[PDB]
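Source file my_file_2.cif; content: mmCIF, C-alpha atoms and all ligand atoms.
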data_structure
loop_
_atom_site.label_atom_id
_atom_site.label_comp_id
_atom_site.auth_asym_id
_atom_site.auth_seq_id
_atom_site.Cartn_x
_atom_site.Cartn_y
_atom_site.Cartn_z
CA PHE I 1 67.54 78.55 166.03
CA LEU I 2 67.97 78.46 162.26
CA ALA I 3 68.99 81.58 160.32
CA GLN I 4 71.86 79.30 159.28
CA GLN I 5 71.31 75.63 160.13
CA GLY I 6 69.24 73.31 157.96
CA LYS I 7 65.45 73.30 158.08
CA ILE I 8 65.17 69.49 157.96
CA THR I 9 67.85 69.05 160.66
CA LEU I 10 65.98 71.53 162.84
CA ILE I 11 62.58 69.93 162.20
CA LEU I 12 63.88 66.44 163.10
CA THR I 13 65.70 67.64 166.21
CA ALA I 14 62.66 69.59 167.44
CA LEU I 15 60.36 66.60 166.75
CA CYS I 16 62.55 64.33 168.86
CA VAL I 17 62.54 66.86 171.69
CA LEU I 18 58.75 67.28 171.49
CA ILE I 19 58.07 63.56 171.49
CA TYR I 20 60.48 63.00 174.42
CA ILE I 21 58.92 65.81 176.45
CA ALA I 22 55.56 64.20 175.71
CA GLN I 23 56.96 60.90 176.99
CA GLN I 24 57.57 62.64 180.34
CA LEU I 25 54.14 64.25 181.04
CA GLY I 26 51.65 61.42 180.80
CA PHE I 27 52.93 58.30 179.16
CA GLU I 28 55.54 56.86 176.86
CA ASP I 29 53.07 53.97 176.60
CA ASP I 30 50.82 55.46 173.91
CA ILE I 31 53.84 56.88 172.07
CA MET I 32 55.84 53.63 172.26
CA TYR I 33 52.88 51.58 170.98
CA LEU I 34 52.26 53.81 167.96
CA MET I 35 55.94 54.39 167.17
CA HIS I 36 57.72 51.04 167.51
CA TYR I 37 58.95 49.01 164.55
CA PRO I 38 56.33 46.55 163.28
CA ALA I 39 56.17 43.62 165.71
CA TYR I 40 53.02 42.11 164.30
CA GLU I 41 52.03 40.86 160.83
CA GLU I 42 49.12 43.31 161.00
CA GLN I 43 51.56 46.16 161.61
CA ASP I 44 53.51 45.44 158.42
CA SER I 45 51.03 47.75 156.69
CA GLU I 46 51.53 50.52 159.26
CA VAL I 47 54.33 52.04 157.16
CA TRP I 48 55.26 54.95 159.48
CA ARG I 49 56.53 52.28 161.87
CA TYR I 50 59.53 51.55 159.63
CA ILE I 51 60.78 55.06 160.44
CA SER I 52 58.98 56.38 163.56
CA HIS I 53 60.99 54.28 166.02
CA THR I 54 63.78 56.84 165.55
CA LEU I 55 61.78 59.64 167.18
CA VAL I 56 61.52 58.00 170.61
CA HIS I 57 64.26 58.14 173.25
CA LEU I 58 64.75 56.24 176.51
CA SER I 59 66.87 58.60 178.64
CA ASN I 60 68.19 62.16 178.94
CA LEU I 61 71.70 61.10 177.86
CA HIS I 62 70.31 58.92 175.11
CA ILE I 63 68.57 61.88 173.48
CA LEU I 64 71.27 64.39 174.48
CA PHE I 65 74.07 62.51 172.71
CA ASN I 66 71.94 61.53 169.71
CA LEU I 67 70.63 65.06 169.03
CA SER I 68 74.03 66.72 169.60
CA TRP I 69 75.74 64.52 167.01
CA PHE I 70 72.78 64.63 164.58
CA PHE I 71 72.40 68.40 164.86
CA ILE I 72 76.07 68.99 164.11
CA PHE I 73 76.66 66.39 161.37
CA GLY I 74 73.12 66.14 160.02
CA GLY I 75 73.44 69.92 159.70
CA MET I 76 76.76 69.69 157.84
CA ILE I 77 75.11 67.33 155.35
CA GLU I 78 72.09 69.56 154.89
CA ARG I 79 74.16 72.72 154.43
CA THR I 80 76.59 70.95 152.12
CA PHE I 81 74.48 68.58 149.95
CA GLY I 82 70.91 69.88 150.43
CA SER I 83 67.79 69.22 152.48
CA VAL I 84 66.56 66.44 150.19
CA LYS I 85 69.78 64.49 150.72
CA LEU I 86 69.43 64.65 154.51
CA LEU I 87 65.73 63.77 154.43
CA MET I 88 66.52 60.76 152.18
CA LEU I 89 69.45 59.50 154.24
CA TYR I 90 67.10 59.79 157.24
CA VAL I 91 64.19 57.85 155.78
CA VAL I 92 66.45 55.13 154.34
CA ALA I 93 68.83 54.78 157.28
CA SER I 94 65.81 54.66 159.64
CA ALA I 95 64.16 51.90 157.60
CA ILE I 96 67.31 49.87 157.00
CA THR I 97 68.73 50.04 160.56
CA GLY I 98 65.33 49.14 162.03
CA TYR I 99 65.05 46.23 159.60
CA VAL I 100 68.46 44.94 160.69
CA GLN I 101 68.01 45.54 164.42
CA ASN I 102 64.64 43.80 164.27
CA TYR I 103 66.09 40.66 162.69
CA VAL I 104 68.74 40.18 165.37
CA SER I 105 66.93 41.44 168.50
CA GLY I 106 63.23 42.02 167.83
CA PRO I 107 61.07 45.19 167.61
CA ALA I 108 62.14 46.48 171.04
CA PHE I 109 64.31 49.46 170.11
CA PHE I 110 63.97 53.24 169.84
CA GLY I 111 66.17 56.20 168.99
CA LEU I 112 68.09 58.13 166.37
CA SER I 113 71.54 56.47 166.87
CA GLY I 114 71.20 54.28 163.77
CA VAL I 115 70.64 57.45 161.73
CA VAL I 116 73.53 59.18 163.51
CA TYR I 117 75.97 56.47 162.41
CA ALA I 118 74.67 56.62 158.85
CA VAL I 119 75.16 60.40 159.02
CA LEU I 120 78.66 60.00 160.56
CA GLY I 121 79.46 57.33 157.99
CA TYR I 122 78.36 59.58 155.13
CA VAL I 123 80.37 62.58 156.29
CA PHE I 124 83.40 60.38 157.06
CA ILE I 125 83.91 58.85 153.61
CA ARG I 126 82.88 62.05 151.86
CA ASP I 127 85.52 63.97 153.80
CA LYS I 128 88.03 61.16 153.20
CA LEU I 129 87.37 61.16 149.44
CA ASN I 130 86.52 64.45 147.72
CA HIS I 131 88.13 66.16 150.73
CA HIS I 132 87.03 69.80 150.35
CA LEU I 133 83.36 70.27 151.16
CA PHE I 134 84.48 69.76 154.77
CA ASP I 135 87.26 71.13 156.99
CA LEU I 136 87.71 68.52 159.74
CA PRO I 137 85.27 67.76 162.61
CA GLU I 138 86.93 69.39 165.64
CA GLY I 139 89.43 66.85 166.94
CA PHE I 140 87.12 65.10 169.39
CA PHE I 141 84.31 64.07 167.03
CA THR I 142 87.01 62.34 164.98
CA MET I 143 88.24 60.30 167.95
CA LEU I 144 84.83 59.31 169.29
CA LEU I 145 84.70 57.21 166.12
CA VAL I 146 87.46 54.72 166.93
CA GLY I 147 86.79 54.56 170.66
CA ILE I 148 83.11 54.27 169.80
CA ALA I 149 83.44 50.96 167.97
CA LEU I 150 83.81 49.55 171.47
CA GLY I 151 80.63 51.38 172.48
CA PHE I 152 78.67 48.47 171.02
CA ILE I 153 81.03 45.52 170.49
CA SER I 154 82.14 45.58 174.13
CA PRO I 155 79.42 47.81 175.68
CA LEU I 156 80.93 50.88 177.35
CA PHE I 157 77.61 52.74 177.23
CA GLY I 158 74.49 51.31 175.56
CA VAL I 159 72.34 53.12 173.00
CA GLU I 160 69.09 51.32 173.88
CA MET I 161 68.87 49.44 170.57
CA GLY I 162 71.99 47.40 169.95
CA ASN I 163 75.03 47.61 167.71
CA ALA I 164 73.21 46.05 164.74
CA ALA I 165 71.54 49.41 164.16
CA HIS I 166 74.82 51.27 164.62
CA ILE I 167 76.83 49.04 162.30
CA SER I 168 74.21 48.83 159.56
CA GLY I 169 73.88 52.61 159.95
CA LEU I 170 77.57 53.22 159.40
CA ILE I 171 77.47 50.86 156.43
CA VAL I 172 74.52 52.65 154.85
CA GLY I 173 76.38 55.95 155.22
CA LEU I 174 79.70 54.64 153.92
CA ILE I 175 78.14 53.05 150.82
CA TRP I 176 75.89 56.03 150.06
CA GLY I 177 78.78 58.48 150.40
CA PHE I 178 81.04 56.38 148.18
CA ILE I 179 78.35 56.35 145.51
CA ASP I 180 77.79 60.14 145.75
CA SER I 181 81.52 60.73 145.72
CA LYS I 182 81.69 58.67 142.52
CA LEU I 183 78.72 60.37 140.83
CA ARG I 184 80.37 63.69 141.68
CA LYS I 185 83.70 62.78 140.02
CA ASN I 186 81.97 61.28 136.96
CA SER I 187 80.23 64.57 136.13
CA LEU I 188 83.17 66.87 136.88
CA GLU I 189 85.15 64.87 134.34
CA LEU I 190 83.92 67.23 131.59
CA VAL I 191 84.33 70.56 133.43
CA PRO I 192 87.28 73.02 133.36
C1 LIG I 201 82.43 71.63 172.46
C2 LIG I 201 81.80 71.06 171.20
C3 LIG I 201 80.47 71.76 170.89
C4 LIG I 201 79.39 70.75 170.51
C5 LIG I 201 78.04 71.14 171.08
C6 LIG I 201 76.96 71.18 170.00
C7 LIG I 201 75.65 71.73 170.54
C8 LIG I 201 74.51 71.51 169.55
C9 LIG I 201 73.15 71.61 170.23
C10 LIG I 201 72.40 70.28 170.16
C11 LIG I 201 71.08 70.34 170.92
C12 LIG I 201 71.00 69.22 171.96
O1 LIG I 201 69.65 69.06 172.40
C13 LIG I 201 69.49 67.90 173.21
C14 LIG I 201 68.60 68.22 174.41
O2 LIG I 201 67.64 67.18 174.59
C15 LIG I 201 66.57 67.60 175.45
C16 LIG I 201 65.98 66.39 176.17
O3 LIG I 201 66.27 66.47 177.57
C17 LIG I 201 67.60 66.92 177.82
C18 LIG I 201 68.03 66.52 179.22
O4 LIG I 201 69.28 67.12 179.53
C19 LIG I 201 70.16 66.21 180.21
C20 LIG I 201 69.49 65.68 181.47
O5 LIG I 201 70.25 64.60 182.01
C21 LIG I 201 69.61 64.01 183.14
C22 LIG I 201 70.47 62.88 183.68
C23 LIG I 201 69.77 62.15 184.82
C24 LIG I 201 69.09 60.87 184.33
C25 LIG I 201 69.90 60.20 183.22
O6 LIG I 201 69.03 59.78 182.18
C26 LIG I 201 67.78 59.32 182.68
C27 LIG I 201 66.67 60.27 182.23
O7 LIG I 201 65.51 60.09 183.06
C28 LIG I 201 64.57 61.15 182.90
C29 LIG I 201 64.79 62.19 183.99
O8 LIG I 201 63.86 63.28 183.81
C1 LIG I 202 79.60 36.68 174.47
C2 LIG I 202 79.51 37.91 173.58
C3 LIG I 202 78.12 38.04 172.96
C4 LIG I 202 78.21 38.25 171.45
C5 LIG I 202 78.05 39.72 171.09
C6 LIG I 202 78.60 40.01 169.69
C7 LIG I 202 78.82 41.50 169.49
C8 LIG I 202 78.64 41.89 168.02
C9 LIG I 202 77.26 42.50 167.78
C10 LIG I 202 77.26 43.37 166.52
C11 LIG I 202 76.10 42.99 165.61
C12 LIG I 202 76.59 42.78 164.18
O1 LIG I 202 75.56 43.13 163.26
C13 LIG I 202 76.08 43.66 162.04
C14 LIG I 202 74.95 43.77 161.03
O2 LIG I 202 75.44 44.37 159.83
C15 LIG I 202 75.15 43.56 158.69
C16 LIG I 202 75.16 44.41 157.43
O3 LIG I 202 73.86 44.39 156.84
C17 LIG I 202 73.18 45.63 157.04
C18 LIG I 202 73.67 46.66 156.03
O4 LIG I 202 72.66 46.87 155.04
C19 LIG I 202 73.16 47.58 153.90
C20 LIG I 202 72.10 47.57 152.80
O5 LIG I 202 72.60 48.24 151.65
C21 LIG I 202 73.25 49.47 151.98
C22 LIG I 202 72.33 50.64 151.66
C23 LIG I 202 73.09 51.75 150.94
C24 LIG I 202 72.23 52.37 149.85
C25 LIG I 202 72.85 53.65 149.30
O6 LIG I 202 71.97 54.22 148.34
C26 LIG I 202 72.55 54.27 147.03
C27 LIG I 202 72.94 55.71 146.71
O7 LIG I 202 72.37 56.09 145.46
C28 LIG I 202 72.79 57.40 145.06
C29 LIG I 202 71.79 58.44 145.55
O8 LIG I 202 72.43 59.72 145.68
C1 LIG I 203 57.92 60.52 160.37
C2 LIG I 203 57.23 59.20 160.63
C3 LIG I 203 56.58 59.17 162.01
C4 LIG I 203 55.20 59.82 161.98
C5 LIG I 203 54.45 59.50 163.25
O1 LIG I 203 53.44 58.82 163.22
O2 LIG I 203 54.93 59.99 164.54
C6 LIG I 203 55.07 61.39 164.78
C7 LIG I 203 53.72 62.01 165.12
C8 LIG I 203 53.63 63.40 164.51
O3 LIG I 203 54.78 63.64 163.71
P1 LIG I 203 54.62 63.92 162.13
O4 LIG I 203 56.03 64.17 161.65
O5 LIG I 203 53.98 62.66 161.61
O6 LIG I 203 53.72 65.14 162.07
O7 LIG I 203 53.58 62.11 166.54
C9 LIG I 203 53.87 63.37 167.20
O8 LIG I 203 52.95 64.11 167.53
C1 LIG I 204 63.61 47.21 154.44
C2 LIG I 204 62.41 47.79 155.16
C3 LIG I 204 61.13 47.05 154.80
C4 LIG I 204 61.42 45.59 154.47
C5 LIG I 204 60.28 44.73 154.96
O1 LIG I 204 59.24 44.66 154.33
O2 LIG I 204 60.41 43.97 156.19
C6 LIG I 204 59.86 42.66 156.29
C7 LIG I 204 60.63 41.87 157.34
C8 LIG I 204 60.92 40.47 156.80
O3 LIG I 204 60.90 40.49 155.38
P1 LIG I 204 61.41 39.23 154.52
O4 LIG I 204 62.17 39.86 153.37
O5 LIG I 204 62.27 38.45 155.48
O6 LIG I 204 60.14 38.53 154.11
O7 LIG I 204 59.85 41.78 158.52
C9 LIG I 204 59.31 42.99 159.13
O8 LIG I 204 58.66 42.91 160.16
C1 LIG I 205 79.15 51.39 144.02
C2 LIG I 205 78.97 51.44 142.52
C3 LIG I 205 78.43 50.12 141.99
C4 LIG I 205 77.32 49.58 142.88
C5 LIG I 205 76.01 49.59 142.11
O1 LIG I 205 75.73 48.68 141.36
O2 LIG I 205 75.08 50.70 142.28
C6 LIG I 205 73.89 50.76 141.50
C7 LIG I 205 73.04 51.94 141.96
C8 LIG I 205 73.86 53.22 141.91
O3 LIG I 205 74.78 53.17 140.83
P1 LIG I 205 75.95 54.28 140.69
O4 LIG I 205 76.08 54.50 139.20
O5 LIG I 205 75.41 55.47 141.45
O6 LIG I 205 77.15 53.63 141.33
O7 LIG I 205 72.58 51.70 143.30
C9 LIG I 205 73.52 51.32 144.34
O8 LIG I 205 73.11 50.97 145.44
#
Give the structure from the file, written as structure tokens.
Amino acid sequence: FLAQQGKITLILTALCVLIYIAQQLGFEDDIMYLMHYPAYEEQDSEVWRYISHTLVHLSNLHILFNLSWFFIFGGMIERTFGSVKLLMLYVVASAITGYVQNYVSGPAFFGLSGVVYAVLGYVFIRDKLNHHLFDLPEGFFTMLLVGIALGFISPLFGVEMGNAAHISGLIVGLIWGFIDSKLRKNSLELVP
């Protein structure tokens, strides 16, 4: 429930769950066809496709791990920097990671993991820099960041997409957070 967590975080998590459930009682076929990244010159105009691929999941663990991490850290971002910030990081990470994954492997990918890494990347450098607005992950979510770089370079799991989405995701988050950290400092310069 909310009563505390972010509205955007909640909406995105619940949408993923609803679309997955739908995948299970009829057919992922319709959903996969409408939601996949453009794989056709005629689909270039179907603009939702640049983002929608993130709402489809391929297994129970796939969606379980993605939503857990997104709910926790996407929530931190929302509660700390605002709902607009989270929505934006989502739209942009979704579009950029899909763009990158598509170039290296084609339009056959689904899931929120590219957004998760952008989110983890954002929180990571923000925490590292203006260290305050956060008080450490937990001790495990900090580790599963070093031993997770092998989760795509030398496959220990496999987030049905590829590491191109994960790496470009982290990069989007790291760059965005560095910029925000900077813009923050720049304006505080003239405050007591
Ligand atoms: C201790 C630290 C605390 C951190 C905890 C934070 C908790 C935050 C809550 C986040 C909410 C998570 O929501 C994700 C739930 O997603 C619902 C979708 O379905 C969930 C399924 O649950 C797991 C099922 O696993 C089944 C494994 C068997 C098959 C493996 O995958 C193949 C799936 O095939 C389909 C079978 O029906
Ligand atoms: C035999 C073994 C087989 C070989 C297997 C090899 C395994 C390696 C596979 C890994 C794939 C590598 O792919 C890496 C791709 O990454 C390339 C990076 O390019 C993508 C990154 O794109 C970044 C684009 O620009 C960043 C966007 C950030 C924008 C931030 O917004 C500005 C903020 O403005 C302020 C608003 O508040
Ligand atoms: C956010 C871009 C993806 C929109 C879309 O076409 O897919 C989701 C739709 C409905 O979701 P909306 O978020 O568009 O209402 O399918 C589920 O019923
Ligand atoms: C960054 C998200 C949207 C960018 C885009 O228009 O994608 C076009 C790419 C290729 O674009 P070029 O820049 O290589 O022409 O192909 C998509 O199917
Ligand atoms: C990292 C600071 C310099 C990079 C840059 O030229 O950024 C231009 C704008 C943002 O400028 P800032 O003033 O916020 O750095 O967009 C970046 O992607």
Taking all atoms listed in the file into account, which of I:34, I:170, I:16, I:67 comes nearest ligand LIG 201 (chain I)? I:67
Could the residues that lie within 12 Å of ligand LIG 203 (chain I), counting all atoms listed in the file, be listed as a ChimeraX atom specification? /I:8,11-23,28,30-37,46-56,87-88,90-92,94-95
So how far away is atom CA of residue 64 of chain I from atom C21 of ligand LIG 202 (chain I), in Å?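 Spanning atom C21 of ligand LIG 202 (chain I) to atom CA of residue 64 of chain I is a straight-line distance of 27.1 Å.
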Neighbours of ligand LIG 205 (chain I) at 9 Å or closer, counting only C-alpha atoms and all ligand atoms: which residues, as a PyMOL selection string? chain I and resi 175-176+178-180+182-183
Would you mind reading off the distance between atom CA of residue 93 of chain I and atom CA of residue 10 of chain I, one decimal, in Å?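 Interatomic distance here is 17.9 Å.
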